[PDB]
Each structure stands twice: as C-alpha cells, then as structure tokens.
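Peer 1: What follows is a single structure, and I will ask about it in a moment.
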There are 10 protein chains.
Amino acid sequence: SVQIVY
Amino acid sequence: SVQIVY
Amino acid sequence: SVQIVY
Amino acid sequence: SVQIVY
Amino acid sequence: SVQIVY
Amino acid sequence: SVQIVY
Amino acid sequence: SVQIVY
Amino acid sequence: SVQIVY
Amino acid sequence: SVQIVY
Amino acid sequence: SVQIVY
C-alpha cells in the first residue's frame, strides 16, 4: 500500500 | 490500497 | 481500495 | 472501493 | 463501491 | 465496504 | 456497502 | 474496506 | 483495508 | 493495510 498522512 | 489522510 | 480523508 | 471523506 | 462524504 | 463519518 | 454519516 | 472518520 | 481518522 | 490517524 501507499499510506500518506499529513 | 492507497490511504491518504490530510 | 483508495481511501482518502481530508 | 474508493472511499473519500471531506 | 464509491463512497463519498462531504 | 463500510464508511462511517462523524 | 454501508455508508453512515453523522 | 473500512473507513471511519471523526 | 482499514482507515481510521480522528 | 491499516492506517490510523489522530
């Protein structure tokens, strides 16, 4: 997965 | 999955 | 899935 | 699924 | 499904 | 899929 | 699918 | 998939 | 996938 | 995948 959190 | 949170 | 939260 | 929340 | 919430 | 938004 | 919005 | 947003 | 955002 | 954001 690609998991991005800002 | 692609999981993005702002 | 693509899961996006703003 | 595509799950988007604003 | 496509699930979008504003 | 399940989407729950508060 | 299930979508619940409050 | 499951998406829960508070 | 699971996405939980507070 | 699991993504949890506080």
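Order determines the names: the first chain of the structure tokens is A, the second B, and so forth; residues in each chain are numbered 1 upward, and ligands are numbered 1 upward as they are shown.
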What lies within 6 Å of residue I:5 using only C-alpha atoms, ignoring chain neighbours under 6 positions off, as an mmCIF file with C-alpha atoms, in the first residue's frame?
Peer 2:
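After the write, result-v8.cif holds the following:
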```
data_model
loop_
_atom_site.group_PDB
_atom_site.id
_atom_site.type_symbol
_atom_site.label_atom_id
_atom_site.label_comp_id
_atom_site.auth_asym_id
_atom_site.auth_seq_id
_atom_site.Cartn_x
_atom_site.Cartn_y
_atom_site.Cartn_z
ATOM 1 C CA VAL H 5 -13.699 9.416 10.192
ATOM 2 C CA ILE J 4 -4.871 5.228 11.941
ATOM 3 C CA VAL J 5 -4.528 8.957 12.293
#
```
Peer 1: Could you please write out, as JSON, numbers by chain, every residue of chain I that DSSP assigns to strand (DSSP E or B)?
Peer 2: {"I": [2, 3, 4, 5]}
Peer 1: Since we have the selection now, will you write its residues out, keeping N, CA and C atoms, as a PDB file, in the first residue's frame?
Peer 2:
```pdb
ATOM      1  N   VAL I   2      -8.220  -0.782   6.246  1.00  0.00           N
ATOM      2  CA  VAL I   2      -8.847  -0.010   7.308  1.00  0.00           C
ATOM      3  C   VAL I   2      -8.215   1.343   7.387  1.00  0.00           C
ATOM      4  N   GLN I   3      -9.044   2.377   7.453  1.00  0.00           N
ATOM      5  CA  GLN I   3      -8.558   3.715   7.647  1.00  0.00           C
ATOM      6  C   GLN I   3      -9.414   4.352   8.712  1.00  0.00           C
ATOM      7  N   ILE I   4      -8.775   4.847   9.767  1.00  0.00           N
ATOM      8  CA  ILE I   4      -9.457   5.458  10.891  1.00  0.00           C
ATOM      9  C   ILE I   4      -8.831   6.790  11.116  1.00  0.00           C
ATOM     10  N   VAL I   5      -9.633   7.848  11.089  1.00  0.00           N
ATOM     11  CA  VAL I   5      -9.113   9.186  11.243  1.00  0.00           C
ATOM     12  C   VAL I   5      -9.858   9.913  12.326  1.00  0.00           C
TER      13      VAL I   5
END
```
Peer 1: Can you tell me, as an mmCIF file with N, CA, C and O atoms, in the first residue's frame, what residues are no more than 8 Å from residue J:1 when counting only C-alpha atoms, ignoring any on the same chain fewer than 6 positions away?
Peer 2:
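File around_36.cif, as written:
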```cif
data_model
loop_
_atom_site.group_PDB
_atom_site.id
_atom_site.type_symbol
_atom_site.label_atom_id
_atom_site.label_comp_id
_atom_site.auth_asym_id
_atom_site.auth_seq_id
_atom_site.Cartn_x
_atom_site.Cartn_y
_atom_site.Cartn_z
ATOM 1 N N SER A 1 0.811 -1.205 0.000
ATOM 2 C CA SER A 1 0.000 0.000 0.000
ATOM 3 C C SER A 1 0.843 1.253 0.000
ATOM 4 O O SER A 1 2.021 1.221 0.332
ATOM 5 N N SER B 1 -3.775 -0.975 -1.050
ATOM 6 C CA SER B 1 -4.586 0.229 -1.050
ATOM 7 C C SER B 1 -3.742 1.482 -1.050
ATOM 8 O O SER B 1 -2.565 1.450 -0.718
ATOM 9 N N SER I 1 -8.860 -2.911 3.366
ATOM 10 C CA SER I 1 -8.042 -2.050 4.198
ATOM 11 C C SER I 1 -8.870 -1.253 5.186
ATOM 12 O O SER I 1 -10.063 -1.052 4.981
ATOM 13 N N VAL I 2 -8.220 -0.782 6.246
ATOM 14 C CA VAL I 2 -8.847 -0.010 7.308
ATOM 15 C C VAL I 2 -8.215 1.343 7.387
ATOM 16 O O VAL I 2 -6.992 1.438 7.507
#
```
